[PDB]
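Only one structure is covered here, and it is reproduced in the block below.
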Amino acid sequence: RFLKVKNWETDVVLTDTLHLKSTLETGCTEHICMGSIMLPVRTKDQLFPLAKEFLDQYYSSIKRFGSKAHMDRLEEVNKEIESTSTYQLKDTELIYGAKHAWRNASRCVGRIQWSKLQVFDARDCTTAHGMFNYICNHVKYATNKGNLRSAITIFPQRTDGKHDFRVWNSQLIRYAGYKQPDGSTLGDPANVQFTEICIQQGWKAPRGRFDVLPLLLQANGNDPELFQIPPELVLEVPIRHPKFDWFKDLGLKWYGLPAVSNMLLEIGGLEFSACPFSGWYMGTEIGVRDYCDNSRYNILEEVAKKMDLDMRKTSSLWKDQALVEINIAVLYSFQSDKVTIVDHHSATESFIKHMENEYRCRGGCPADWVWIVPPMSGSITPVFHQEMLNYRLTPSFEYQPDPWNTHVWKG
Amino acid sequence: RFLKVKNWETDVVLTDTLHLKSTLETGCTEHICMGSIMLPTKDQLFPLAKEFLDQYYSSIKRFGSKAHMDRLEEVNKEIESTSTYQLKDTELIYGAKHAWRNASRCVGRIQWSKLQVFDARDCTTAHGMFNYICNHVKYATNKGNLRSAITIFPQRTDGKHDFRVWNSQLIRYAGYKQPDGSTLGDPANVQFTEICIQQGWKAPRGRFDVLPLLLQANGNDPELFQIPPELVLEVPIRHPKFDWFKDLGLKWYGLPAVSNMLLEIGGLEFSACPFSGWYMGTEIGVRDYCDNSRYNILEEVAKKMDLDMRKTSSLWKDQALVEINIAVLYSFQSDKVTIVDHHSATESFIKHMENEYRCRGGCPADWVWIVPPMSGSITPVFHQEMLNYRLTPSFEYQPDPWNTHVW
Ligand code: HEM
Ligand code: HEM
Ligand SMILES: Cc1cc(N)nc(CCc2ccc(CCCN)c(CCc3cc(C)cc(N)n3)c2)c1
Ligand SMILES: Cc1cc(N)nc(CCc2ccc(CCCN)c(CCc3cc(C)cc(N)n3)c2)c1
Ligand SMILES: C[C@H](O)[C@H](O)[C@H]1CNc2nc(N)[nH]c(=O)c2N1
Ligand SMILES: C[C@H](O)[C@H](O)[C@H]1CNc2nc(N)[nH]c(=O)c2N1
Ligand SMILES: [Zn+2]
């Protein structure tokens, strides 16, 4: 089967054969599309086929398919599964797996960078303290004084699912949220619940607007423990605007390092439940969503006020106007402090080039349009006009339920 | 089977049960989602007729009544005898309104039941079609206080006798390739303009030349008519602050009127069924003006604004995009021509969704199309999960007739 995707801006038509290697499900059927739905303990039995698939891929990527080294490694993994019910990945296979999960991440506009990924192997980690040390080294290395480098840290795989490693935080760096008695929130509304858990776990909340939350870490199925990331390791950029000098008086800042820490890395059937990964921000992630979502810092009002826009009718597009300046501000602030960041035009242009390349070299690029198109100025970015095919390839990054819903407390 | 949709801005979770009536296919499988692709007999007809008539008589609180069964019989008799059948006016009205109700890409459906339907099933020639269309345009324009409408020409019979409007909208600006390499007017109609020229159009070779209608009655070769200029309401585009905006000399038409689609009611196919409502501002300002394949005026507007076009990171495209869109909305409101902003339109559609979940058990919605093409995440539809599925009656796309026709 061949599938064609067309670009309506340029009339370029590409052909997807890669979707034939797709295993997992989409959520969709012939009768329903779930493309806009946010979220649409293995036996030896299901495991070896998955192991075989991965190693055949691995071994094709290094040009050694059907080699003695390939067949030997197959035999080796076979025996290891039937003996221990699992297996261990060589370092090289871990690295390749991690790179490919990113590459396969259909909702990531940033994948032109997929091959430049520093993989830290934290598979020898046994304790929360160990996890905290690994995570600090990751932050420091990834930050690199503002010259951000992509990285991921891979803690030990699931075994019985009773001994899971987990970073309770959704991202390694995030600001606290405090729901107040009057129903207002101080700080980041997205993070209220997690903030409460942390408080419960004994964190002394500063109760400010931009309190970096403590890491909350579980090793080996144990109850999790709190650690404050050293402040010096947390690079932050104060937000100012190039023309509007009152923009600084809003007191805004953000952190430099986007680092997702709640996802599950699946490689060759193995499940890595703690695998924090980081890159660098696209400006709209902070300036549209983090500041201007209604259920977030929600500063459109205050900014429109200060610009003295006409706020009596939405047809003044006052919101659209405030939104753009806020985003100009984020990009200006990051660049000024020499903290890596990419604007939404640049990021989506790169991504189209990546995708084109991927269709030639690889025969596809699974892509989720709902997520790839930016949350402002959609159609003046080249991705709006690009037909995409969404399908799931392994290795992959998967969502997993928040651990406080499932965790069995030791006490 | 029962399906939940969550709004991530409000936590409201609605349960969709209406998709279980889903008739047609989506393009997707369990293996591949095609959510972002633009275009994924007598025996056949009685089920489709019955399905429709069942929902009709159910809509009017008379499911399984003599009148219901009698009509089911009558149509059954007529199909077996004639190989087609005819809708009662009431069925036509209900059908048309529901094709709109079921259009999963339309953000404007809160309005679906206020649709004026013009039964044009007695039309027999292109001149007739032209008369009906002019009357549509006039009724719907309504001196700028625009009103939704559809005009339904006769149904397909043997497909050798289709009625078609070759225009994609009733009202569009022409497009001409220039020896200068560049394109004069609207580049999305260049081919249609050559077919018009080719069929004898006297093009005035300007930038905003209202194209002529090209009408096909009874599968015959289509003919040309110029909509009375006096019936094509236009709006010159000015900005409430930038006085130099006028000098780009942009105008846009008031009436969005989709003419190229096929309407399916109870198995019957109406190939010429132009319909119209009114614009959401971004269709003109973001898409018609700023798309690279369209009038593409961003570069020129940003220059007059004297913004830094040296680097994409100054967001100069975005700054210019907003003003262009302020200017569209401003010029329409000033000339008193109905237009809706994307905030208002999406806010309306969320209220509609809730109504449709409550009163119908769902609302098929295609997020890719529902979320405006600018400022997506500050409109509420961005955070709203949607389920997209195909219900009948429906508007379907259909191939441009120049490819299908024989002369
Ligand atoms: C290097 C710079 C990077 C940029 C600019 C980039 C950009 C993006 C953006 C804009 C999104 C959508 C985020 C949202 O709106 O919430 C995204 C999602 C994603 N990215 Fe990338 N990314 C980068 C690096 C990476 C790296 C290094 C990985 C993994 C190694 C990755 C994996 C993903 C995954 C798994 C998602 C989806 C997360 C989810 O569904 O919650 N990203 N990225
Ligand atoms: C009354 C004011 C109306 C508003 C503000 C409205 C708004 C919209 C918008 C924003 C789109 C997406 C179009 C694009 O991006 O080009 C749309 C598409 C659509 N609308 Fe509505 N609409 C209205 C009236 C109607 C009426 C009266 C009908 C049918 C009788 C209808 C049927 C559709 C269909 C079938 C599509 C998609 C057709 C396609 O795939 O091109 N619209 N409309
Ligand atoms: C590594 C990386 C780099 C980069 N530039 N961006 C990212 C995306 C990070 C990210 C941050 C925050 C969020 C939460 C939304 C707030 N904006 C997300 C989406 C997380 C998410 C939430 C839900 C409900 C489901 C899901 N699959 N994923 C994803 C990762
Ligand atoms: C009735 C109505 C009201 C309103 N406010 N807006 C509309 C949408 C009209 C419209 C305008 C422009 C366009 C495209 C312009 C680019 N050449 C379209 C739809 C075009 C289309 C193309 C294809 C390939 C498929 C499809 N289903 N629809 C539809 C209708
Ligand atoms: C390729 C992609 O599906 C295409 O650009 C779509 C995206 N969303 C859209 N949304 C609307 N409302 N109108 C459109 O024409 C499109 N185009
Ligand atoms: C319901 C809908 O899928 C949801 O709002 C999605 C839309 N697109 C998105 N796109 C990105 N990049 N990040 C998001 O959180 C979302 N949210
Ligand atoms: Zn789908």
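Identifiers in the structure tokens: chain A, B, ... in order shown; residue index from 1 per chain; ligand index from 1 in order shown.
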Quick one: residues within 7 Å of residue 370 (chain B), only C-alpha atoms, excluding same-chain residues fewer than 3 positions away - as a ChimeraX atom specification? /B:105-107,366-367
Just-selected residues, N, CA, C and O atoms written as an mmCIF file, in the first residue's frame:
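What ended up in result07.cif:
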data_model
loop_
_atom_site.group_PDB
_atom_site.id
_atom_site.type_symbol
_atom_site.label_atom_id
_atom_site.label_comp_id
_atom_site.auth_asym_id
_atom_site.auth_seq_id
_atom_site.Cartn_x
_atom_site.Cartn_y
_atom_site.Cartn_z
ATOM 1 N N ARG B 105 -17.211 20.190 9.547
ATOM 2 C CA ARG B 105 -16.276 21.253 9.351
ATOM 3 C C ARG B 105 -16.834 22.642 9.498
ATOM 4 O O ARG B 105 -16.075 23.601 9.412
ATOM 5 N N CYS B 106 -18.137 22.779 9.757
ATOM 6 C CA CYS B 106 -18.745 24.101 9.854
ATOM 7 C C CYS B 106 -18.807 24.560 11.306
ATOM 8 O O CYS B 106 -19.522 23.979 12.139
ATOM 9 N N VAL B 107 -18.083 25.630 11.598
ATOM 10 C CA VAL B 107 -18.114 26.264 12.897
ATOM 11 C C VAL B 107 -19.401 27.032 13.125
ATOM 12 O O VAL B 107 -19.771 27.353 14.274
ATOM 13 N N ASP B 366 -14.977 18.426 13.132
ATOM 14 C CA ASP B 366 -13.642 18.175 12.614
ATOM 15 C C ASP B 366 -12.728 19.296 13.110
ATOM 16 O O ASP B 366 -12.706 20.430 12.583
ATOM 17 N N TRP B 367 -11.939 18.955 14.102
ATOM 18 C CA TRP B 367 -11.141 19.934 14.833
ATOM 19 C C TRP B 367 -10.198 20.644 13.883
ATOM 20 O O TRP B 367 -10.029 21.840 13.967
#
Report as a PDB file with N, CA and C atoms, in the first residue's frame the set of chain B residues whose atoms approach chain A to within 7 Å, with distances computed over only C-alpha atoms.
ATOM      1  N   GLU B   9      -9.805  23.012  28.883  1.00  0.00           N
ATOM      2  CA  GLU B   9      -9.813  24.345  29.475  1.00  0.00           C
ATOM      3  C   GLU B   9     -10.845  24.387  30.616  1.00  0.00           C
ATOM      4  N   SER B  22     -23.527   6.408  12.906  1.00  0.00           N
ATOM      5  CA  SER B  22     -22.654   6.833  11.807  1.00  0.00           C
ATOM      6  C   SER B  22     -22.892   5.931  10.629  1.00  0.00           C
ATOM      7  N   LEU B  24     -21.587   6.738   6.925  1.00  0.00           N
ATOM      8  CA  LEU B  24     -20.491   6.681   5.957  1.00  0.00           C
ATOM      9  C   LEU B  24     -19.089   6.490   6.606  1.00  0.00           C
ATOM     10  N   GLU B  25     -18.068   6.335   5.757  1.00  0.00           N
ATOM     11  CA  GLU B  25     -16.690   6.080   6.202  1.00  0.00           C
ATOM     12  C   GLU B  25     -15.892   7.357   6.459  1.00  0.00           C
ATOM     13  N   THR B  26     -14.765   7.249   7.175  1.00  0.00           N
ATOM     14  CA  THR B  26     -13.968   8.439   7.572  1.00  0.00           C
ATOM     15  C   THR B  26     -12.659   8.621   6.815  1.00  0.00           C
ATOM     16  N   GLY B  27     -12.082   7.548   6.300  1.00  0.00           N
ATOM     17  CA  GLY B  27     -10.717   7.632   5.797  1.00  0.00           C
ATOM     18  C   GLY B  27      -9.714   7.016   6.758  1.00  0.00           C
ATOM     19  N   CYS B  28     -10.015   7.017   8.059  1.00  0.00           N
ATOM     20  CA  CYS B  28      -9.100   6.478   9.078  1.00  0.00           C
ATOM     21  C   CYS B  28      -9.233   4.973   9.230  1.00  0.00           C
ATOM     22  N   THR B  29      -8.212   4.335   9.787  1.00  0.00           N
ATOM     23  CA  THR B  29      -8.317   2.956  10.283  1.00  0.00           C
ATOM     24  C   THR B  29      -7.760   2.898  11.703  1.00  0.00           C
ATOM     25  N   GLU B  30      -7.704   1.724  12.300  1.00  0.00           N
ATOM     26  CA  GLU B  30      -6.982   1.575  13.571  1.00  0.00           C
ATOM     27  C   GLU B  30      -5.478   1.795  13.380  1.00  0.00           C
ATOM     28  N   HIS B  31      -4.993   1.610  12.154  1.00  0.00           N
ATOM     29  CA  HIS B  31      -3.572   1.760  11.855  1.00  0.00           C
ATOM     30  C   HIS B  31      -3.162   3.151  11.448  1.00  0.00           C
ATOM     31  N   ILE B  32      -4.030   3.892  10.765  1.00  0.00           N
ATOM     32  CA  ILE B  32      -3.672   5.214  10.261  1.00  0.00           C
ATOM     33  C   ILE B  32      -4.795   6.209  10.440  1.00  0.00           C
ATOM     34  N   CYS B  33      -4.515   7.352  11.056  1.00  0.00           N
ATOM     35  CA  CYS B  33      -5.527   8.412  11.178  1.00  0.00           C
ATOM     36  C   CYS B  33      -5.360   9.397  10.041  1.00  0.00           C
ATOM     37  N   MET B  34      -6.440   9.686   9.316  1.00  0.00           N
ATOM     38  CA  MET B  34      -6.359  10.592   8.141  1.00  0.00           C
ATOM     39  C   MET B  34      -7.069  11.888   8.409  1.00  0.00           C
ATOM     40  N   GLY B  35      -7.145  12.236   9.691  1.00  0.00           N
ATOM     41  CA  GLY B  35      -7.802  13.441  10.164  1.00  0.00           C
ATOM     42  C   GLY B  35      -7.417  14.736   9.467  1.00  0.00           C
ATOM     43  N   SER B  36      -6.207  14.817   8.910  1.00  0.00           N
ATOM     44  CA  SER B  36      -5.743  16.063   8.278  1.00  0.00           C
ATOM     45  C   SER B  36      -5.676  16.038   6.728  1.00  0.00           C
ATOM     46  N   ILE B  37      -6.146  14.949   6.118  1.00  0.00           N
ATOM     47  CA  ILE B  37      -6.276  14.900   4.656  1.00  0.00           C
ATOM     48  C   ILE B  37      -7.543  15.647   4.208  1.00  0.00           C
ATOM     49  N   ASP B 291      -2.520  33.903   2.561  1.00  0.00           N
ATOM     50  CA  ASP B 291      -1.963  32.644   2.107  1.00  0.00           C
ATOM     51  C   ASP B 291      -1.012  32.913   0.960  1.00  0.00           C
ATOM     52  N   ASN B 292       0.106  32.187   0.940  1.00  0.00           N
ATOM     53  CA  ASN B 292       1.094  32.363  -0.135  1.00  0.00           C
ATOM     54  C   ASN B 292       0.502  32.048  -1.512  1.00  0.00           C
ATOM     55  N   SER B 293      -0.362  31.043  -1.597  1.00  0.00           N
ATOM     56  CA  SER B 293      -1.026  30.704  -2.866  1.00  0.00           C
ATOM     57  C   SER B 293      -2.257  31.584  -3.222  1.00  0.00           C
ATOM     58  N   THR B 312      12.527  36.251  11.197  1.00  0.00           N
ATOM     59  CA  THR B 312      11.204  35.685  11.466  1.00  0.00           C
ATOM     60  C   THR B 312      10.818  35.859  12.947  1.00  0.00           C
ATOM     61  N   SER B 313      11.807  35.837  13.842  1.00  0.00           N
ATOM     62  CA  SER B 313      11.573  35.963  15.287  1.00  0.00           C
ATOM     63  C   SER B 313      11.025  37.319  15.802  1.00  0.00           C
ATOM     64  N   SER B 314      11.019  38.375  14.989  1.00  0.00           N
ATOM     65  CA  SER B 314      10.278  39.598  15.364  1.00  0.00           C
ATOM     66  C   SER B 314       8.759  39.420  15.268  1.00  0.00           C
ATOM     67  N   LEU B 315       8.302  38.276  14.774  1.00  0.00           N
ATOM     68  CA  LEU B 315       6.857  38.010  14.639  1.00  0.00           C
ATOM     69  C   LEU B 315       6.130  39.048  13.759  1.00  0.00           C
ATOM     70  N   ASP B 318       3.092  37.751  12.016  1.00  0.00           N
ATOM     71  CA  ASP B 318       2.011  37.688  13.002  1.00  0.00           C
ATOM     72  C   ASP B 318       1.433  39.055  13.316  1.00  0.00           C
ATOM     73  N   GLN B 319       2.285  40.095  13.360  1.00  0.00           N
ATOM     74  CA  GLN B 319       1.780  41.425  13.687  1.00  0.00           C
ATOM     75  C   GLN B 319       0.880  41.931  12.580  1.00  0.00           C
ATOM     76  N   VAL B 322      -2.553  40.206  12.273  1.00  0.00           N
ATOM     77  CA  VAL B 322      -3.593  40.675  13.181  1.00  0.00           C
ATOM     78  C   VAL B 322      -4.259  41.937  12.623  1.00  0.00           C
ATOM     79  N   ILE B 326      -8.062  42.805  11.798  1.00  0.00           N
ATOM     80  CA  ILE B 326      -8.796  43.926  12.378  1.00  0.00           C
ATOM     81  C   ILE B 326      -9.484  44.732  11.280  1.00  0.00           C
ATOM     82  N   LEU B 329     -12.657  42.947   9.600  1.00  0.00           N
ATOM     83  CA  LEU B 329     -13.805  43.019  10.483  1.00  0.00           C
ATOM     84  C   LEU B 329     -14.301  44.468  10.526  1.00  0.00           C
ATOM     85  N   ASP B 341     -16.526  37.514  14.211  1.00  0.00           N
ATOM     86  CA  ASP B 341     -15.108  37.305  14.516  1.00  0.00           C
ATOM     87  C   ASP B 341     -14.938  35.870  14.977  1.00  0.00           C
ATOM     88  N   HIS B 343     -13.526  34.734  17.570  1.00  0.00           N
ATOM     89  CA  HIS B 343     -13.775  34.488  19.014  1.00  0.00           C
ATOM     90  C   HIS B 343     -15.243  34.214  19.215  1.00  0.00           C
ATOM     91  N   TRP B 367     -11.939  18.955  14.102  1.00  0.00           N
ATOM     92  CA  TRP B 367     -11.141  19.934  14.833  1.00  0.00           C
ATOM     93  C   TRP B 367     -10.198  20.644  13.883  1.00  0.00           C
ATOM     94  N   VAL B 368      -9.610  19.916  12.940  1.00  0.00           N
ATOM     95  CA  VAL B 368      -8.674  20.495  12.018  1.00  0.00           C
ATOM     96  C   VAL B 368      -9.275  21.725  11.334  1.00  0.00           C
ATOM     97  N   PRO B 373      -7.729  29.691  11.782  1.00  0.00           N
ATOM     98  CA  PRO B 373      -6.388  29.656  11.235  1.00  0.00           C
ATOM     99  C   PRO B 373      -5.448  30.709  11.804  1.00  0.00           C
ATOM    100  N   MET B 374      -5.917  31.473  12.797  1.00  0.00           N
ATOM    101  CA  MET B 374      -5.046  32.286  13.626  1.00  0.00           C
ATOM    102  C   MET B 374      -5.532  32.207  15.064  1.00  0.00           C
ATOM    103  N   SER B 375      -4.616  32.430  16.021  1.00  0.00           N
ATOM    104  CA  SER B 375      -4.954  32.571  17.441  1.00  0.00           C
ATOM    105  C   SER B 375      -5.715  31.361  17.915  1.00  0.00           C
ATOM    106  N   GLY B 376      -5.341  30.204  17.382  1.00  0.00           N
ATOM    107  CA  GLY B 376      -6.070  28.979  17.632  1.00  0.00           C
ATOM    108  C   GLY B 376      -6.332  28.751  19.094  1.00  0.00           C
ATOM    109  N   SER B 377      -5.310  28.866  19.941  1.00  0.00           N
ATOM    110  CA  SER B 377      -5.473  28.380  21.316  1.00  0.00           C
ATOM    111  C   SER B 377      -6.109  29.375  22.267  1.00  0.00           C
ATOM    112  N   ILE B 378      -6.418  30.574  21.801  1.00  0.00           N
ATOM    113  CA  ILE B 378      -7.160  31.541  22.627  1.00  0.00           C
ATOM    114  C   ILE B 378      -8.694  31.491  22.358  1.00  0.00           C
ATOM    115  N   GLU B 385     -12.002  18.603  22.836  1.00  0.00           N
ATOM    116  CA  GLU B 385     -11.936  17.362  22.029  1.00  0.00           C
ATOM    117  C   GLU B 385     -13.198  17.255  21.188  1.00  0.00           C
ATOM    118  N   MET B 386     -13.032  16.807  19.956  1.00  0.00           N
ATOM    119  CA  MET B 386     -14.139  16.625  19.037  1.00  0.00           C
ATOM    120  C   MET B 386     -14.068  15.228  18.464  1.00  0.00           C
ATOM    121  N   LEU B 387     -15.198  14.676  18.098  1.00  0.00           N
ATOM    122  CA  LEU B 387     -15.220  13.392  17.419  1.00  0.00           C
ATOM    123  C   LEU B 387     -15.786  13.684  16.060  1.00  0.00           C
ATOM    124  N   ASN B 388     -15.139  13.191  15.024  1.00  0.00           N
ATOM    125  CA  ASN B 388     -15.572  13.478  13.676  1.00  0.00           C
ATOM    126  C   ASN B 388     -16.129  12.221  13.075  1.00  0.00           C
ATOM    127  N   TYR B 389     -17.353  12.291  12.586  1.00  0.00           N
ATOM    128  CA  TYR B 389     -17.971  11.155  11.913  1.00  0.00           C
ATOM    129  C   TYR B 389     -18.979  11.673  10.894  1.00  0.00           C
TER     130      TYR B 389
END
How many Å lie between CA of residue 72 (chain A) and CA of residue 85 (chain A), rounded to one decimal?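 A separation of 18.5 Å between them.
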Give the strand (DSSP E or B) residues of region 140-349 of chain A, as DSSP finds them on the backbone, and put them as a PyMOL selection string. chain A and resi 151-154+166-167+171+175+177-179+185-187+212+215-218+225-227+236-238+253-255+259-260+264-267+270-272+277-278+282+342
For the selection just defined, write its residues with N, CA and C atoms to a file, as a CSV table (one decimal), in the first residue's frame.
chain,number,residue,atom,x,y,z
A,151,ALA,N,18.7,16.0,25.6
A,151,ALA,CA,19.2,14.9,26.4
A,151,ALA,C,18.1,14.1,27.0
A,152,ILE,N,18.4,12.9,27.4
A,152,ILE,CA,17.4,12.0,28.0
A,152,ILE,C,18.1,11.1,29.0
A,153,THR,N,17.5,10.9,30.1
A,153,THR,CA,18.1,10.0,31.2
A,153,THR,C,17.2,8.8,31.4
A,154,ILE,N,17.7,7.6,31.3
A,154,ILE,CA,16.9,6.4,31.3
A,154,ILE,C,17.2,5.5,32.5
A,166,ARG,N,9.8,6.1,38.8
A,166,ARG,CA,8.9,7.1,38.3
A,166,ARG,C,9.4,8.5,38.8
A,167,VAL,N,9.4,9.5,37.9
A,167,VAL,CA,9.5,10.9,38.3
A,167,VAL,C,8.1,11.4,38.4
A,171,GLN,N,7.1,17.6,34.5
A,171,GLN,CA,8.3,18.1,33.9
A,171,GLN,C,9.3,18.4,35.0
A,175,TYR,N,6.7,25.6,37.8
A,175,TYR,CA,6.3,26.5,38.9
A,175,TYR,C,5.1,26.0,39.7
A,177,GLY,N,1.7,25.9,42.0
A,177,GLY,CA,0.4,26.6,42.0
A,177,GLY,C,-0.3,26.4,43.3
A,178,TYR,N,-0.9,27.5,43.8
A,178,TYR,CA,-1.5,27.4,45.1
A,178,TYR,C,-2.9,27.9,44.9
A,179,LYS,N,-3.9,27.0,45.1
A,179,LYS,CA,-5.3,27.4,45.0
A,179,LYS,C,-5.6,28.2,46.3
A,185,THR,N,-5.9,31.5,42.1
A,185,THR,CA,-4.7,30.7,42.2
A,185,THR,C,-3.5,31.6,42.1
A,186,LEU,N,-2.5,31.3,43.0
A,186,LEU,CA,-1.2,32.0,42.9
A,186,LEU,C,-0.3,31.1,42.2
A,187,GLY,N,0.4,31.6,41.2
A,187,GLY,CA,1.4,30.8,40.4
A,187,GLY,C,0.7,30.0,39.3
A,212,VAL,N,10.0,27.2,41.9
A,212,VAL,CA,10.3,26.0,41.2
A,212,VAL,C,10.0,24.8,42.1
A,215,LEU,N,11.7,18.1,43.0
A,215,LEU,CA,11.5,16.8,42.3
A,215,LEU,C,10.9,15.8,43.3
A,216,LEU,N,10.0,15.0,42.9
A,216,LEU,CA,9.4,14.0,43.7
A,216,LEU,C,9.7,12.7,43.1
A,217,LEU,N,10.5,11.8,43.7
A,217,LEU,CA,11.1,10.7,43.0
A,217,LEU,C,10.9,9.3,43.7
A,218,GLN,N,10.5,8.4,42.8
A,218,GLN,CA,10.2,7.0,43.3
A,218,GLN,C,11.2,6.1,42.6
A,225,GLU,N,10.3,10.5,47.2
A,225,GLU,CA,11.0,11.4,48.1
A,225,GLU,C,11.3,12.7,47.4
A,226,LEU,N,11.3,13.7,48.3
A,226,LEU,CA,11.5,15.1,47.8
A,226,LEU,C,12.9,15.6,47.7
A,227,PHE,N,13.2,16.3,46.6
A,227,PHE,CA,14.6,16.9,46.5
A,227,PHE,C,14.4,18.3,45.8
A,236,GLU,N,16.7,30.6,34.4
A,236,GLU,CA,15.5,31.3,34.3
A,236,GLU,C,15.7,32.6,33.4
A,237,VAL,N,14.7,33.0,32.6
A,237,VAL,CA,14.8,34.2,31.8
A,237,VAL,C,13.6,35.1,32.1
A,238,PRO,N,14.0,36.4,32.6
A,238,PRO,CA,13.0,37.4,33.0
A,238,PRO,C,12.4,37.9,31.7
A,253,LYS,N,8.6,35.7,34.4
A,253,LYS,CA,9.8,35.0,34.0
A,253,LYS,C,9.4,33.6,33.6
A,254,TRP,N,10.3,32.9,33.0
A,254,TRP,CA,10.1,31.4,32.7
A,254,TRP,C,11.4,30.7,32.8
A,255,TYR,N,11.4,29.4,32.9
A,255,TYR,CA,12.6,28.6,32.9
A,255,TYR,C,13.0,28.3,31.5
A,259,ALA,N,11.5,20.0,30.0
A,259,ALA,CA,12.0,18.6,30.3
A,259,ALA,C,10.9,17.7,30.7
A,260,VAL,N,10.4,16.8,29.8
A,260,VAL,CA,9.2,16.0,30.1
A,260,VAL,C,9.6,14.8,30.9
A,264,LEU,N,6.6,7.3,29.1
A,264,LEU,CA,7.1,5.9,29.1
A,264,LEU,C,7.7,5.6,27.8
A,265,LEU,N,8.9,5.2,27.9
A,265,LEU,CA,9.8,4.9,26.7
A,265,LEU,C,9.6,3.4,26.5
A,266,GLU,N,9.0,3.0,25.4
A,266,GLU,CA,9.0,1.6,25.0
A,266,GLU,C,10.0,1.3,23.9
A,267,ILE,N,10.9,0.4,24.2
A,267,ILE,CA,11.9,-0.1,23.3
A,267,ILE,C,11.9,-1.6,23.3
A,270,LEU,N,10.4,-3.6,26.1
A,270,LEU,CA,10.7,-3.1,27.4
A,270,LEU,C,10.1,-1.8,27.8
A,271,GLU,N,9.7,-1.6,29.0
A,271,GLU,CA,9.0,-0.4,29.4
A,271,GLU,C,9.9,0.5,30.4
A,272,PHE,N,10.3,1.7,30.0
A,272,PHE,CA,11.1,2.6,30.8
A,272,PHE,C,10.2,3.7,31.3
A,277,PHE,N,13.2,13.5,29.4
A,277,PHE,CA,13.9,14.0,28.2
A,277,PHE,C,13.6,15.6,28.1
A,278,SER,N,14.6,16.2,27.5
A,278,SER,CA,14.5,17.7,27.4
A,278,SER,C,15.1,18.1,26.0
A,282,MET,N,10.1,26.1,21.8
A,282,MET,CA,9.5,26.9,20.9
A,282,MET,C,8.7,28.0,21.6
A,342,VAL,N,13.3,28.8,19.7
A,342,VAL,CA,13.1,28.9,18.3
A,342,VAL,C,11.6,29.4,18.1
What residues of the protein or nucleic acid chains come within 7 Å of ligand 1 when you use only C-alpha atoms and all ligand atoms? Reply as a VMD selection string. chain A and resid 98 to 99 102 105 107 to 111 113 to 114 117 150 to 152 277 to 282 285 342 347 371 to 372 397 399
Ligand 4: which residues are within 7 Å, counting only C-alpha atoms and all ligand atoms? Reply as a list in words. residues 38, 39, 188, 256, 257, 258, 275, 276, 277, 278, 279, 280, 283 and 397 of chain B
